[PDB]
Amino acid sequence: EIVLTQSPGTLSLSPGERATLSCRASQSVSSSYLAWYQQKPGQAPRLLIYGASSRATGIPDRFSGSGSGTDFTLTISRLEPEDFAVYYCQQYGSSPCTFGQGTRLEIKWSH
């Protein structure tokens, strides 16, 4: 099985800043077959990204992805409080499909 490890566990940034989330794989992920989901508190997950870099429909351009093999990133620009959610990566290049344990994103005030 491909084990996906996400970083940081919890990320705290201010509105307007840029969040970078990592997804690392135990073996190379085939054909960049890596997706990202957003799960806001009390809601079901929503697909954000597919194929490492393509945006799902209705997803704004401030959400972006890149990566290949064993390392992938999800970038969220112009962070808004509504972005408070757990973000999961999921590969679909090896059977069974697997998920990372998630990155908890939280918005804070800057001193």
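Numbering starts at 1 and runs along the sequence shown.
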Next on the checklist: Quick check for you: using the entry's CA B-factors within this chain, is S77 in the lowest, middle or highest third?
Outcome noted: highest
Checklist entry - What third of its chain, lowest, middle or highest, does the C-alpha temperature factor of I59 fall into? => result highest
Item to check | Relative C-alpha B-factor of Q39, binned into the chain's lowest, middle or highest third | outcome: lowest
Checklist entry - Once the chain's modelled residues are ordered by C-alpha B factor and cut into thirds, is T5 in the lowest, middle or highest one? => result lowest
Item to check | Relative C-alpha B-factor of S22, binned into the chain's lowest, middle or highest third | outcome: middle
